[PDB]
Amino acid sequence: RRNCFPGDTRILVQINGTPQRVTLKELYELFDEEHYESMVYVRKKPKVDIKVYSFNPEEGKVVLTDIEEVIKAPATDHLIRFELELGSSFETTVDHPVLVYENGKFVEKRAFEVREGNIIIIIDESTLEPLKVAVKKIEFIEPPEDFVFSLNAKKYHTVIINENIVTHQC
């Protein structure tokens, strides 16, 4: 019954009697009592009357089933996020080279080595001039698009995405 879905995939459920299509990230945020088990986040208690629409291939009938667990698997690796002055942002890999101004020179610096206060070269969208801006904040971030969600349901483990009956999206 193990499956993988992107965060933005919409599946069809019944909450408080009415049916609708919720994104799997929303379905996760519709549970609580989070627990970091193994290498994933498991949520087992719902805070709204939840049921997932599945299919019974023995009787060939659309059916309701219980959402036992909702699972959120963090990204494998993470990116580095430089919040710079003048509002500009820069997300990149830890090994990607960043153009830095130091000691009157333009040098290529491994993103992992950039520190707050360092000068990044950016290029103004209006004037197309090289601008010297400072790194205000450095954050190791996991892009929501890199998360993998799973759904453990009782008995009937298939899920209804748009019009289709899908088992997983690994």
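Residue numbers here begin at 1 and follow the sequence given.
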Selected stretch [higher average CA B-factor]: 95-103 or 74-82: 74-82
Would you tell me which stretch averages the higher CA B-factor in the PDB entry, 152-160 or 15-23? 15-23
Maximum C-alpha temperature factor per the entry, among 134, 138, 122, 50, belongs to which one? 50
Residue 68 - which third its CA temperature factor falls in, relative to the rest of the chain: highest
By the recorded C-alpha temperature factor, relative to the other modelled residues in its chain, which third is residue 130 in? lowest
Looking at the entry's B-factor column for C-alpha atoms only, identify whether residue 35 ranks in the lowest, middle or highest third of its chain. middle
Chain-relative C-alpha B factor for residue 116 (record values, thirds): the middle
Relative to the other modelled residues in the chain, which third contains the C-alpha temperature factor of residue 45: lowest, middle or highest? highest
